[PDB]
Structure formats: structure tokens, C-alpha cells
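Descriptive analysis of the structure
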Amino acid sequence: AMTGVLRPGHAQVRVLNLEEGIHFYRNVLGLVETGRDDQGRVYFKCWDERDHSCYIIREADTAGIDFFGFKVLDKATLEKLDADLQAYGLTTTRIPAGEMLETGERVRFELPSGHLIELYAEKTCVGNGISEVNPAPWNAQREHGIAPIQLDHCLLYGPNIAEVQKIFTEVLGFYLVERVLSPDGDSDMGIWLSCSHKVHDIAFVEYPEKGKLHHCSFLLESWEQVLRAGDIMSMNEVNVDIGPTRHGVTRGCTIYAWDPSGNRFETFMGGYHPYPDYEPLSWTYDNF
Amino acid sequence: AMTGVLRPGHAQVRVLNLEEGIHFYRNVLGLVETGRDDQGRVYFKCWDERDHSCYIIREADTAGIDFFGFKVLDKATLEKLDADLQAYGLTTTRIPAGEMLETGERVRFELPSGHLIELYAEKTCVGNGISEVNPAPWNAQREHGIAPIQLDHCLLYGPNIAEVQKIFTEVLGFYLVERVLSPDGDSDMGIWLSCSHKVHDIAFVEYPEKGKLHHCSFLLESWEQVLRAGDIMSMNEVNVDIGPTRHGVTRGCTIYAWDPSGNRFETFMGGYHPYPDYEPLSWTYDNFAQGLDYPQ
Amino acid sequence: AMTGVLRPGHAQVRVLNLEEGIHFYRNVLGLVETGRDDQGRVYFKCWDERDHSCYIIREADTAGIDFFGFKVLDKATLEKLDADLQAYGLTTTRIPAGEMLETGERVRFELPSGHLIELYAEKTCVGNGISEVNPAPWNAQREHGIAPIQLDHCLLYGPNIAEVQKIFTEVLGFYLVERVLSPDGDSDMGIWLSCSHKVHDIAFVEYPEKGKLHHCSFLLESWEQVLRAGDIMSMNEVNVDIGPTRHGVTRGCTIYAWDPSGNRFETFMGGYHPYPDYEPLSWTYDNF
Amino acid sequence: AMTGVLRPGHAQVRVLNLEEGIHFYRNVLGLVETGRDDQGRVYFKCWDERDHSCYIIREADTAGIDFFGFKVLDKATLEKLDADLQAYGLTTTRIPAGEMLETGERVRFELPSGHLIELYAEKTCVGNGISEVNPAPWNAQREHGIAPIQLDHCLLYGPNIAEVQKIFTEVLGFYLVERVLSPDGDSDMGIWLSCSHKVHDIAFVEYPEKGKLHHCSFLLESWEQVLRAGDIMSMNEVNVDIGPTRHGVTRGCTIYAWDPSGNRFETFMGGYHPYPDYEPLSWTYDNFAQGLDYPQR
Ligand SMILES: CC(=O)/C=C/C=C(/O)C(=O)O
Ligand SMILES: CC(=O)/C=C/C=C(/O)C(=O)O
Ligand SMILES: CC(=O)/C=C/C=C(/O)C(=O)O
Ligand SMILES: [Fe+3]
Ligand SMILES: [Fe+3]
Ligand SMILES: [Fe+3]
Ligand SMILES: [Fe+3]
């Protein structure tokens, strides 16, 4: 049974230029635009997802991540986690339903690494553009731009990863899948946590400046889709960070590229199938 | 988080000739043999899995499945589930630890469909044959025979699917991902159940005879692997049921073939990513064909 | 060097309904329409080919193939081939330039199996839509319907395949790549012929009826494009013959399906790389 | 019909250590060893090819390529080519048959770029390890190391590429498929030549030093095989030049890596289907400067 925290639900990122951000995410990445609110933020969802949104961009004077939200099983679970976060010593804030289009109230809190995390139980299901009866495997949207399958996770750069692990494993029901060791001084320089049977729903790398966003990740169907994504990036003049390649950690075959505003994102596929009862895999600093 | 029933743990199948069963499953399908007990049962597991076994064969008068077990989160969970099963009205049997090689105690019970289901919390962890520190992407095992990644699920044939569904969803925390409706005067002729975010961990099809096994399924990495599996089957003159194709119900790209004793198995990959908050997908009986084989 | 007969140039097929044929080939298979003549024929080419046409449709009262042409190196070669065919004992007809849109004169003749074959040295090159300078990876045409890369070959059914083989190898410059032996008759039941280094540019199977067409084939880029083609066929309710699979002969991974008129076409990829110095592979009849 | 020069036939490369060279080529790249002659050379062929050899290694003081040869249709063609090569103004030297294991005599000559090219019509056929009757699509060989399918081509670095182009297109029956234009004093800084319907059978890049070998190339079955090759390289600590990536000057998806001796080779798949009647594609120098075959890089 999947319970408690289910999956990454949304990432709100800052773009130095809205209209340009809308163009790149709609035509290059191929996210489906679902709405635009009064604040001027525009909502997107991957084609095969069913909820109203997973990626929200906001015009601002600085690039980066405002916050990262997770969907939880139900309202009861949301209330419990809220109380658990507080019992743990974290101060929670409650964002009202509607504050974000088609989204219920959210429980927000700040990690020691400086990042803002949200938890919510409700978000309107809009569907994946395919009928619920005798559904096709895909439709035209699958080939509009890169067209990723789902918001897979994000990797965050922050100062107190050690205590961040505790919050996630002891309060949020996540578990360590992989980690990178420090130079023998044995302190996880980085961690890959899962709250399902995926290699990771979120990751953290130890960093001096808090609240930094390394990248938001989008899942693709096959290695050939990663190849196609690279061609679309090239044809649209997208600034690529590190070309298509196999990633040691999580066995991911990915591509790192930057959007107009300088936000790094990933399109990948691959990875094993860990479960709560598995012991994490480790990587020596020299390998990292 | 993944709690309660985590995933398919093992399937013990009956084979006519134990020796050919070993050869086929070790050399053709590519399972890693991990043991043989005193009752004459050989233990296999997929190379990338970590637990001691997921597939166990036994020489018997007839082919088919003896039982299908699921691994649960923890002992407290095992005891808890066993309690709810009884409180539900199902009589449960307690199989002691060790009865199965490298396996802990299991909670076994029979379904309305006639199939025997087990629940267990402990199974020795042997690893995937790759190092725990700075692991390689894969190894030679990945190319020994078909070499599937995990026991994905199984599809069972038996009566009273409606009742079977209620047990899985109301007691074992599963949820319906897809169903194939009966003709008019609706009811479900087929159901695909998930206890995770996989399209299905197990499925049932309404059939008059009970305790029947349609197939056990093994997960592959890609579509090219599915074609490779096809070639390997041909090279070993393995009887293939439905060649490489797309399902529709699950979107799974697969191939069905038979082992030497007539037991159908499957090697596939693909599918979307359902979660418990999702509403099930429905297929009409009239459009059943496309649901079973999409391209055709 | 590639000389003599270079490659399959065009197949003109008969459709029971021009309208349904235009829609099917242009939007399901994803061929690119390049013209229509005052005779009511529609011209198509695969998007990545450079010549004006490779597949022509003509509304008639019966499905099937009218003729199949091959492009040769140059005019001198065309004349040479015409002379050799007649010196061989065959009667030739010369079709003038322009009888077919954007096409030069053609040399036509009938095979003992009843099929009409043509040879031509000139056909307007129109390009693949991509620039000849710094060509972008690929365009949108790549994903318009199935979108095959080239007319790969055709498979013809008819009698006297033995006589047909001699004409192609002794006169036209092809060589036998693969064969299916007949049941102790010491006469091949099927032949796969190449005039390049492709597994085959044309193939014949022994059959009582004369001039029959089994299928025209189109090449795809990968096994996954084959899966995609099947998906597209299902989506457009296309009637599929043999599901995605691998051919023993050629090693090709394919799908056979029918157009609205009952004409079988193929979408496949794969196969080894034979050369004129290679010996043919053989398949026992009992292992067809 | 495929006539005249048919395809790359063999490449003899120099390795600093004959032993580690044999292990790398039979275990990592997955080439099939077919022999070892008196001179100390070890011969290999790709599993799916049918002739005795396509890659030969020779222990030497320096790394690089000794010569690159093409197989021609038949003996008559070999004689004709030799005559046309001399008629053109090149001096040719006939290498005796048997000088190379299982290889007939060869017509050797030097290009203006300094590279030695050979032509031969006969080389013993040893098969691809698969039955000639009811042949399977592949076997264990396909999964031994990377296991390339064929010696696809090579890319040489040397001067006077203009004169090399003339020789290949006017005498050897090849044609230009792609080119890289010079910054502006227009000419060609790079050329990709074909003697078939492949994107290229051989390529040259204008470079001051004569006889330079950029890389020999090996063809793979699919994009996933390239990814696989990447994993095998990482596992064997192979020195990778430029990881899996989409080319451009061929639409190829490839990986450039090095021999333990420092010989660069390529494992790729992909590309379109040019024919003799086609006009070449062009790349601006500034584009080439960002590609994988740029002298700097
Ligand atoms: C520091 C860094 O980028 C590591 C990322 C790990 C992953 O598994 C992925 O990106 O899929
Ligand atoms: C027609 C039928 O029985 C269902 C086929 C779909 C499946 O996902 C399976 O068998 O695992
Ligand atoms: C006569 C028949 O059914 C088999 C044909 C084999 C092939 O490889 C093809 O058609 O490309
Ligand atoms: Fe990532
Ligand atoms: Fe199944
Ligand atoms: Fe065909
Ligand atoms: Fe190359």
C-alpha cells in the first residue's frame, strides 16, 4: 500500500522572464499549460499525469525554487504529518485552499537546508487527455516537445543535509536509497530519499548556501526518448549542461539542461526498484 | 511511503520434470538459482532483486500454481493483516519459519477463486550480485538468458472475482487500477490490482474453474529487451503464445510463452504510474480485443 | 561504388477509393504528398527521401500493383540496361518523360511472373525539407503519422520465380541474399534480391496467380518506431495482419497492415549488411 | 549493384603493448580473434562480418595507423583500379598474397595526406559464427563485450585533403556525402566519402601532420547498444573521449573512446541513406568547430 506522502506534487520555480518561460516550457519541454492565476503564475502538468499541475513558474528578479510540494494520501494524513512536523520541533504554516489554483490547503515548513517544503492532500484531477474508457496508450501530446511523463523529483543544495535526512525518514516516511560519503570523514555529502518504490522522490547535496535548487527532474519513457529530447534541445538552442549519459547514482540515463532563466532541469529514464526494506547503496567521495 | 503489503514475494509453481524446469528457468528465462531444499524444490530469483527467492518450482503430477505470496512491511504488519483477514471471515493458516528455505513464517489463506495466498515479513536478503559500494550499472547476469528484473505479478483464473476484489481492496490495501467490464448488466470480468504505484501487482479474471494460473510475469528493462526475449525463446524452441506486442490494458508491451510443463509466463515492460488517489480505467467487453492486443 | 540499378524508385498501387487513400497514406502512414496529375494520380515520397516520388496511388476497380520502378545511375546506364534486357529475350517499352509527374523516360517490361517493372534514370530531386547547410537534427515531419524513411522494397507473388531470378541477377545486377528452398524440388520457393548492400530491394515468392502483390515495404529507424507504428495503426483502426515481430529471413523487425483498399504494406527496420561477394543464406521449406 | 570498391576491408593499427591490446580488443570491444602470424600480428573481425579480418594490431614504438584497406568486387577490378591509380599519377606497390594471413595480394599507395590505402579482392570467408541454413538473428558473440557488427570507416587527419578527394571520387568511385566548409576562404576543411549507400566509408580532416589517425569506427545495432557500450567502457576503466552523444555530420549517435595504446575508436549507430545521385550536405566551419572531429577538442 502507498500511504502517507505519496509523490512529488509540485515545484514552483522563479523565472526572470515569464512570457519566455511559458514559451520554453510549452514548446521545448512540452509541459501542458493548465492555468494562470491573478499573481501571474502559470501552471503546467506533464501529459500523462492526472492532477492539475506539477510545475509552476513565477516571474521574479531571481531564479531558483520558491518551494517543492508533495501530495499525501488524504486529509487525515495531512493533519497527522502537520502535528508530527510540529512535535518534531519544526514550525508549520498553513496555506489556504485556492491560494494556488485547483489546490487544497497546504502545510508548509522550512528545512535546515533552507528549502521550503509543502504537503497537500487535494488537487483537482483534470485527467491525462485520454479517455477513461478503452484508453489509448498515448495521443498527440506525447509528441509535442520533449513531453515528459511526470515530475520525478528534484535535487536540492543546502547546508544541513544530516538533519534534513532525519526529518524525512523520521517524520515523512521516506527512506535512504543511495548516498555519497564524504572524504572518509564519513558524513553523507549527498542523499537520495524515496517515499515509494522509486529510486528517489527527492535528493539533497550538502552545500554552504541554503535554499539552492540544483534541478527539477522529469521522467521520460525510454533511452530513445532521451535521445530525442537531446535533438529537440539542440534544435531550440537550449543550453545543455551535461549531455546524455549514464548516471552512476540511480543508474539514470539523463540530460541536464538550463531553461531561459538559468534553472537547471533533467529529462531522464531508468533506475532500479527499491522498497522500504532495502538497505541503501553508497558511493565513495572519490567516485562522487 | 510504501506500507502494509509491499509487493509480490514469491510464486511456487508445479512442473512435470524438475530437471528440465531447472535448465529452462536458469538458462532460458535467466533466473538465478539460489537454493534447493529437502522437499525437492529449487529456488530462483531475478538477478536484480535482493531477497533469496521469488520463484520456486516443484515436480508434481500436474502443472499449475500452488501458491502466490506477498512480502509485507514488517512483522507487526504481518500479525496485523492476519488479524484483519480473520476478522473479515477468512480462516488463516500459519506456516512456520524455515518451512521454506531462507524464509520466515507466512500467513496463508485461500481465496474465493480457489487460489492460495501467503503474506510474510521475512525473507533473507542476498543482494543483486553487485557491490553495495560504488556499484556498476549492471553485470554479466543481466545478459544470462532473458534475465528479467523482478517478479512483477501474476494473473489468476478463478470464480467470484467480485469477492476477491473486496478482500484485496478492503483488507490488504490494494486498489483497482483497471478493469474489463462484462457485457451489458455490468460487473467486472477482469481486474488489475495494485498495492503500490505499479499498474498491477496481481490480476484476476472471472473463470468457472478455480485455482487456475494464467501466468506469472517478469519485468524487463526496455522494448528491445522484449525483442531479445523473443529471439532467445526461438533459439531454445520455446512455445510462444502471443508474440511481442502491446496490451492496452496496462499499456504493457509483452510476450507470453510456455515453460516445459505448460506453465505460461510473461516478459514485459512499460505502463503508466497510478497512485491510490487515482480512479480506475475501464475497458468495454465489446472492445476486449484491443484491450488484450492493442496494435491488432 | 553503387552503379547500375541503384534502388527501388516507385510503386504505383491501385486503391478502391482515392479519398480514403489520400488520407490514410498522408496522415496514417505519414508519407508526404508531392503532387497530383491530370490523370487523377496522387504522388507521395517518404519525408527523408530526396526524389519527388516513391509511392503513387490510382483509383481503380481492383486493388494491387500496376508497376514497380527502379532508379538507375544515369542515362547511359538506362540505355545499357534496356539493350541488355532485349538482348536477353525480353520485349521493352519506352515511356516518355513527363508521362509521370517530375519523372524522365522509363524502360518497362513484364516478368515471367506477370509483374510490370520499370527502370528510370531521372526524377526531380525535391529534398527532405531540411536545409543543405547545417541541417537541424530533424523536423516535425519525423513525427507526422508513422513517417517512414524510404520505400524499402516490395514482395511479389507469381509463377516462374526461377526465371525471374535469372533476369535480375544476370541482366539487372542484383544478387541473391536469402532463399527459401522448396520441398525437395531443388527450386527456391522464395528469393530475396539485392542490388546494393541492403538485405533486399525486392523479393519474390512462387505463386499460381500472376502479377500479385504481397506488400510494399517502408523502413523505420528503430524497434521502438515499429512499436509506435503499431500504436498509430490501432488508433486509426487500421487492420493489422501480423503483429510487431521479427522475420527469420532478413532479421527484419516488422508489422504488416492493410490500407483501406486491401493493399498490404510493411513498416520494418533492422537486418544485416550483405555485399555482392557474400553467399546467400537458405531456409528449409519445413522451417518457413 | 555494388561495384568497384565495396567497403572498408581492414585497418592495421599500432599498439604499444601487444598483450594488453589483445585483451582490450577481444574482451572490451568484443572483436573476434581469427589468427596470429609469424610477424607477431593479431587479427580480429567483427562477429557479424564474414571475412577473416577487419582489424589488425601490431606491437610498435608508436601508436597510430599503418594502413587502411578496401575490399573490391573481384580480381579484374583490382587490376583495373591499379592501372587507373597509376594512370592518375600515383605510384602503387603490390603486396604479395599471404603476406597477410588469409589475404590475397593488395594494391598499396600513399595519399597526399600521408596515409597508406590498400585495395584487395580476396580474403578468406570464415562466416559470422551462425549457420548458413535456417540462420538465427544472432548468438552469444553478440553479447561478448561491446560486440560491434562491422568496421564502418575511419577518419584520417592530414594535409592536401583536396587532392585526396579528387583521388577517391575520380579514380576509386567514391562520392562526397558531407563536407565542412573553411572559415570563409572557402574550400573544404573536412570530407566524408562513400563508395556505397552509407553516409561514409572513409573521412578526412585537413591537418598539418601527415598520416594521422583520428579514429577507426565500429557500427552498433541500436541506440541502446550504444548506451550498453558506454556501460562496458565504464566497467573496464576505459578512457572515454566524448560520452554518448548525437553527432551531426552523420546524424550518428556515438561514443569516442581510446585504446590502451591511445588509439581512438568509435562505436556508433544511426545515419541516413545517401546514393550516388545525391548532392552533398555542408557544415559551416563554426559549426564544425563545436563538433567531435574538430582538431581542437
Ligand atoms: C549532483 C547530481 O546532479 C546527482 C544526481 C543523481 C541522480 O540520481 C539524477 O539526477 O537522476
Ligand atoms: C485480455 C486479457 O486477458 C488481459 C490482458 C492484460 C494484461 O495486463 C495481463 O495479462 O497482465
Ligand atoms: C513470403 C513471406 O511471407 C516472408 C517474407 C520475409 C521478409 O523478410 C519480408 O517480406 O521483408
Ligand atoms: Fe535528478
Ligand atoms: Fe501479465
Ligand atoms: Fe518486406
Ligand atoms: Fe566516425
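Rules and cut-offs
Chain by chain, residues are numbered from 1 following the written sequence, and this numbering need not agree with the entry; no residue without coordinates is displayed. Numbering of ligands from 1 and lettering of chains from A proceed in the order in which they are written. As a rule here, side-chain values cover all heavy atoms of the structure and leave hydrogens and water aside. Only DSSP runs of H or I with at least four residues qualify as helices, and only runs of E with at least two residues qualify as strands; both kinds are numbered from the N terminus onward. Atoms considered for the radius of gyration are the C-alpha atoms alone. The globule rule reads 2.2 Å times the number of residues to the power 0.38. Only protein chains enter the accessibility calculation, which uses a 1.4 Å probe; a residue whose area is less than 20% of its type maximum is buried, one above 50% is exposed, and one in between is partly exposed. The contact definition used throughout considers only heavy atoms, calling two residues in contact when any of these lie within 4.5 Å. UniProt positions are given in the numbering used here, feature names are shortened, and annotations may be inferred rather than shown by experiment. Nitrogen and oxygen atoms within 3.5 Å of one another constitute a polar contact, given that in protein one can donate a hydrogen and the other can accept it, and given that sequence-neighbouring residues count only through two side-chain atoms. In this description, buried area is defined as the sum, over both parts, of the accessible area (probe of 1.4 Å) that is lost when the two are combined. Salt bridges are identified by distance alone: a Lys or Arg side-chain nitrogen within 4 Å of an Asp or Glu carboxyl oxygen. Here a residue is near a molecule or strand as soon as one of its heavy atoms is found within 4 Å of it. Calculation of accessible area relied on Shrake-Rupley with a 1.4 Å probe; when residues are assessed, cover is drawn exclusively from the protein chains displayed. Ten residues, namely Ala, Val, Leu, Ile, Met, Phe, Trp, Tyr, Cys and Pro, are considered nonpolar, four, namely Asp, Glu, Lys and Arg, are considered charged, and the remaining ones, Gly among them, are considered polar.

**Looking at the overall build of chain B**
Helices and strands together make up the secondary structure of chain B, namely 5 helices and 17 strands. Taking 296 residues into account, the globule formula puts the C-alpha radius of gyration at 19 Å, and chain B, at 18 Å, falls close to it. Out of the 296 residues in chain B, the part that is buried amounts to 63%. Sequence separation of 24 or more characterises 66% of the internal contacts of chain B that already satisfy a separation of 6 or more.

**Re the UniProt feature "binding site: Fe(2+)" (unreviewed entry) in chain B**
Residues and elements named next belong to chain B. Per the UniProt record, "binding site: Fe(2+)" (unreviewed entry) is found at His-153, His-215 and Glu-266. Spatially, the listed residues are clustered: although they cover 114 residues, their C-alpha atoms lie within 9.5 Å of one another. Note on placement: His-215 falls in strand β13 (residues 212–219). Its relative accessible area of 2% is what places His-215 among the buried residues. When near neighbours in sequence (up to four residues on either side) are disregarded, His-215 contacts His-153, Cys-154, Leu-155, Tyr-256, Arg-264, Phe-265 and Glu-266. Tracing the backbone through its elements, the reader meets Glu-266 in strand β16 (residues 264–269). Once you skip the residues sitting within four places of it in the chain, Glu-266 turns out to touch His-153, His-215, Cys-216, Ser-217, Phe-218, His-247, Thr-254, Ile-255 and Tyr-256. In this structure the side chain of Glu-266 is engaged in a polar contact, spanning 3.1 Å, whose partner is the side chain of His-215.

**A few points about the side chain of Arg106(C)**
Of note, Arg106(C) is situated in strand β7 (residues 106–110). Look past the residues within four positions of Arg106(C) in its chain and what remains in contact with it is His10(C), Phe67(C), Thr93(C), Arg94(C), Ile95(C), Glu99(C), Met100(C), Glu118(C), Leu119(C) and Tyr120(C).

**Side note on the interface of chain B and chain A**
The partner chain A presents 45 residues to the 44 residues of chain B that form the contact. Interface of chain B and chain A: buried area, both sides summed, is about 4,000 Å²; carbon and sulfur atoms make up 51% of it. Looking at the side of chain B facing chain A, the largest losses of area belong to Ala1(B), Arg50(B) and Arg251(B), adding up to 18% of the total buried there. Where chain B touches chain A, the interface holds 6 salt bridges. The residue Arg251(B) makes a salt bridge to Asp48(A) at a minimum N-O spacing of 2.8 Å. Counting across the interface, chain B meets chain A through 24 residue pairs in polar contact.

**Some thoughts on the site of ligand 2**
Residue and element names in this part refer to chain B. As a matter of local geometry, ligand 2 sits amid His-153, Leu-155, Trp-192, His-200, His-215, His-247, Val-249, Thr-250, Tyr-256, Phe-288 and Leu-292. Separating an oxygen atom of ligand 2 from a side-chain N or O atom of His-247 is a distance of 3.5 Å. Separating an oxygen atom of ligand 2 from a side-chain N or O atom of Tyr-256 is a distance of 2.7 Å. For ligand 2, the accessible surface in isolation is 340 Å², of which the surrounding protein chains cover 94%. Residues that form the shell around ligand 2 fall into these classes: 6 nonpolar, 5 polar and no charged.

**Brief notes about the UniProt feature "binding site: Fe(2+)" (unreviewed entry) in chain A**
Residue and element names in this part refer to chain A. In this numbering, the UniProt entry assigns the feature "binding site: Fe(2+)" (unreviewed entry) to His-153, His-215 and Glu-266. Inspection of the secondary structure assignment puts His-153 in strand β9 (residues 150–158). Other than its neighbours up to four places away in sequence, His-153 contacts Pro-8, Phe-68, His-200, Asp-201, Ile-202, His-215, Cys-216, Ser-217, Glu-266 and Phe-268. A polar side-chain atom of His-153 sits 2.6 Å from a polar atom in the side chain of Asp-152. Here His-215 shows up in strand β13 (residues 212–219).

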